[PDB]
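First the structure, in the form of structure tokens, and then the observations on it.
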Amino acid sequence: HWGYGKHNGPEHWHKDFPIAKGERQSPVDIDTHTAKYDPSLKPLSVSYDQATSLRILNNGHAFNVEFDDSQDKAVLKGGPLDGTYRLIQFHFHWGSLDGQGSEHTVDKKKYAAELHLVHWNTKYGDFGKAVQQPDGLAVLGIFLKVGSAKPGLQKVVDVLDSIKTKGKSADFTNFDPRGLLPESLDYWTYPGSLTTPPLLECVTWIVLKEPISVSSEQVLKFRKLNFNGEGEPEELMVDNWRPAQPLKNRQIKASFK
Ligand SMILES: [Co+2]
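Residues 4 to 260 in UniProt numbering are what the sequence shown lists, from first letter to last.
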């Protein structure tokens, strides 16, 4: 099936998912000089006080921290969005080395990792319906650089032992995603896609300007995960990022001057 290798990685996905060569694919390089400030954009509203985390899963491609999305409990609104988007999961993309790992780039700079907080538009009733719509999802993307530790991340890092291999899950209740956010909510936004198969063109991307800092030790623990299942040959879960795609006929807008 699809993955990140030589024989099954991003450069192959188009055969099973021709939308890979579409008009609104993600990620992209953010050219900071050509992104235009849009005074009509709003402050982002990220309301995570009632978030209810449930479980953490190694899906063979990343790990997902899953939320209860059966009520408006952790919602994204404002910014470029019309209406209300409910948090379903977050995950990361990361590298084999600190010099790569992010999906978006900023003036071609690659960060060590990138956090995706995935939310679906409540007007479509559930996730699976939302991904069929051009305004179905809102993904908040946050860059990670290596430096100081992120205290709020440590709970995630320390459960990773228990979900080493593909298909393993663990209870992961009472985790507060507010501890993964930077100080500033300044952002760039553009219309794009999921960055993994099926590559659906359903996402309003909201990429924060300010990265969070994590320690080397934290990211090193990400890199101990496995793509493989239990008792299969070990293949470290690293470089689970799609490179930048053509911007085509899109504009990236900045929320800040
Ligand atoms: Co992602």
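Ideal Cβ placement from N, Cα and C applies to all residues, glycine included.
So, are the CB atoms of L140 and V149 less than 8 Å apart? no
Around ligand 1, what residues have a beta-carbon under 6 Å from a heavy atom of it, in chain order? Qualifying residues come out as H94, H96, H119, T198.
What does DSSP give as the partner residue(s) for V210 in the beta ladder? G144, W191
What beta strand (DSSP E) runs, 3 residues minimum, are completely inside the segment 46-73? 47-50, 56-61, 66-70
Rounded to whole angstroms, what is the Cα-Cα separation between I91 and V121? 6 Å
For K158, which of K256, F230, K224 has the nearest alpha-carbon? Of the residues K256, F230, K224, the one whose Cα lies closest to the Cα of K158 is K224.
What's the gap between the Cα of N252 and the Cα of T55? 38 Å
Cut-off 8 Å between Cβ atoms - residues of its own chain near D85, not counting five sequence neighbours on either side: Counting only Cβ-Cβ distances below 8 Å, and skipping sequence neighbours, we find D138.
Take every Cβ of the segment 220-237, pair it with every Cβ of the segment 44-52, and state whether three or more of those distances are shorter than 8 Å. no
Quick one: what does DSSP say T199 is sitting in, helix, strand or coil? coil
By Cβ distance, which residues of its chain are closer than 6 Å to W97, with the 5 residues on each side in sequence left out? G104, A116, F225
Classify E26 as buried or exposed, calling it buried when 16 or more other Cβ atoms lie within 10 Å of its own Cβ. exposed
In this structure, how does DSSP classify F93 when only helix, strand and coil are distinguished? Note: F93 maps to strand in three-state DSSP.
Would you give the residue range spanned by the alpha helix (DSSP H) that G131 belongs to? 130-133
Tell me where the alpha helix (DSSP H) around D174 begins and ends. Where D174 is concerned, there is no enclosing alpha helix (DSSP H), although the beta strand (DSSP E) it sits in stretches over 172-174.
Specify, as a first and last residue, the run of the beta strand (DSSP E) that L223 falls within. First-last for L223: 219-225, but that is the alpha helix (DSSP H), not the beta strand (DSSP E).
What are the boundary residues of the alpha helix (DSSP H) that residue 261 is part of? Within the shown structure, residues of the chain are numbered from 4 to 260, placing residue 261 beyond reach of any answer.
As a quick exercise: from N124, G63, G8, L250, pick the residue whose alpha carbon is nearest that of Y193. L250
Closer than 7 Å by C-beta to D71: which residues in its own chain qualify, once you throw out the five before and the five after it? Chain order, please. Excluding sequence neighbours, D71 sits near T55, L57.
What does the Cβ neighbour count give for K24, buried or exposed, with the cut at 16 atoms within 10 Å? exposed
Terminal residues of the continuous beta strand (DSSP E) containing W123? 116-124
I need the straight-line Cα distance from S151 to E220, nearest angstrom please. 10 Å
Would you mind reading off the limits of the beta strand (DSSP E) that contains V241? Where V241 is concerned, there is no enclosing beta strand (DSSP E), given that its DSSP letter is neither H nor E.
Any chain B beta carbon closer than 8 Å to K227: The question asks about chain B, but that chain is absent: this structure has only one protein chain.
On a CA-only basis, which of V217, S258, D32 is nearest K111? Give me that one, please. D32
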